[PDB]
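Worksheet: one structure, shown below.
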Amino acid sequence: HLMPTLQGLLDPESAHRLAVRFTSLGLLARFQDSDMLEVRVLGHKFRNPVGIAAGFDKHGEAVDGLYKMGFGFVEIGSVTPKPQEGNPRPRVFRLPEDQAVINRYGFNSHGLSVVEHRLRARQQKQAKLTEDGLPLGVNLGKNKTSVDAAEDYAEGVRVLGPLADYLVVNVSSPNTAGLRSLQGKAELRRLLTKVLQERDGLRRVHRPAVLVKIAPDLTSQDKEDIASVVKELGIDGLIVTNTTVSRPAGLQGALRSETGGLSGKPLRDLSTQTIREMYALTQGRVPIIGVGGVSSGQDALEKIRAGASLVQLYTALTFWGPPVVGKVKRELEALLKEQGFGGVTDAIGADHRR
Ligand SMILES: Cc1cc2nc3c(=O)[nH]c(=O)nc-3n(C[C@H](O)[C@H](O)[C@H](O)COP(=O)(O)O)c2cc1C
Ligand SMILES: Cc1cc(O)n2nc(SCc3cc(Cl)ccc3Cl)nc2n1
Ligand SMILES: O=C(O)c1cc(=O)[nH]c(=O)[nH]1
Ligand SMILES: [Cl-]
């Protein structure tokens, strides 16, 4: 009621900005996480497997409010090396009839320096949160006018790697020209070699896991190549998936033909299937964070059974608000019991074993 009014009254970008402000100020979880929901992966304990996806808190302003909302882990970003404004407005669109969003933000970012200082101000608070099962991820992007993509990512590793439990090499935004070509075998191998070199140069207690975030629009060859490179280099994990440049048949929203990445329900099963493929291609040995269209416990469990160790959501929050977090968790716990799993861990990749 208070949300859909403010959102019927505000364009989506204004609604987002207000949501970040409200969350950051702690104006918002009764659900107490069961032991069944704990997952150990990426060198950390996660008190529950439901995280906030990149894009909600691009600049690291609302991290504590997000844990208060009940997220088991928080991912901020994408952060670019230099500040940049992103695309001109309007650049985000609701498709309410589809429970979907289309965005073309183009990596609006306060930049590494601003985010560094913001995280440093709460660095020991985060260390305690991480030890308590509430890790922090930092998602790295590249500036629009950058003439060396790998150096942009390297800079991100150097500056924010020491403040993160995991880093994400985001090579799958549909809204930065040329970016998704970095998912190609040769480009990815070169980029990730550099990224891992830089990460390995950080002092041990400041050395994050490194994950690569991939698109839902990849060819079979692209997926096979990514799997090969991830295994060759010892990449720590995959985030599967970013938004889709596809427009599935059946979309009803008036704004369905806006340029950008599509998120929410129409992406859900395309993302699940991409998780399934990547888990198989990596022999279940590479942790996957599953994302795209999660709005229920069933949605979460489907991705977990397909191979995700953790899941994330964003678009569901924009429709259902903060209560969706607890809802997903409570539903997930109930389904795990119904399906005879002792916990989340037992369900990871379960579809591949039946
Ligand atoms: C408004 C918006 C902005 C986003 N910005 C980013 C971003 O900066 N970096 C990133 O890796 N993913 C970004 N994403 C993608 C989400 O992290 C996620 O992969 C995708 O939206 C699918 O999950 P969902 O269906 O739960 O929203 C963004 C998504 C939305 C809706
Ligand atoms: C791009 C976009 C649009 C949007 O309505 N939302 N909503 C959220 S979180 C939901 C929310 C909305 C308002 Cl208006 C106030 C508080 C909260 Cl938590 N994030 C968003 N991101
Ligand atoms: O900044 C954006 O446009 C953006 C980045 C990204 O990775 N994914 C997305 O959907 N939007
Ligand atoms: Cl440091």
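All residue numbers given for chain A refer to Swiss-Prot; the residues shown span 40-67, 70-395 in order.
Here the Cβ of each residue, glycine as well, is placed from N, Cα and C on the backbone.
As written in Swiss-Prot, here are the features:
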- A95, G96, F97, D98, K99, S119, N180, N211, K254, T282, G305, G334, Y355, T356: FMN binding site (BINDING)
- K99, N144, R145, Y146, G147, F148, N211, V212, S213, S214, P215, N216, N283, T284: substrate binding site (BINDING)
- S214: active site, nucleophile (ACT_SITE)
Surrounding CB atoms that lie within 10 Å of the CB of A95 (FMN binding site), all protein chains: 27
Neighbours of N180 (FMN binding site) among the recorded positions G147, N211, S213, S214, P215, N283 (Cα to Cα, within 10 Å): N211
Cβ packing number for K254 (FMN binding site), 10 Å threshold: 26
End-to-end CA distance across 2 missing residues (from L67 to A70, Å): 8
Greatest inter-residue Cα distance in Å for the substrate-binding set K99, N144, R145, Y146, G147, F148, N211, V212, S213, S214, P215, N216, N283, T284: 16
Candidates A95, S214, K254, namely the recorded positions, that fall within 10 Å of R145 (substrate binding site) by Cα distance: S214
Residues among the binding-site residues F97, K99, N211, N283, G305, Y355 that border ligand 3 - Cβ under 6 angstroms, in sequence order: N211, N283
Closest of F97, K254, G305, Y355 to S213 (substrate binding site), Cα positions, binding-site residues only: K254
CB contacts for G147 (substrate binding site) [other CB atoms within 10 A, all chains]: 21
Contacting binding-site residues for ligand 1, chosen from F97, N180, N211, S213, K254, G305 when the Cβ sits under 6 angstroms of any of its atoms: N180, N211, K254, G305
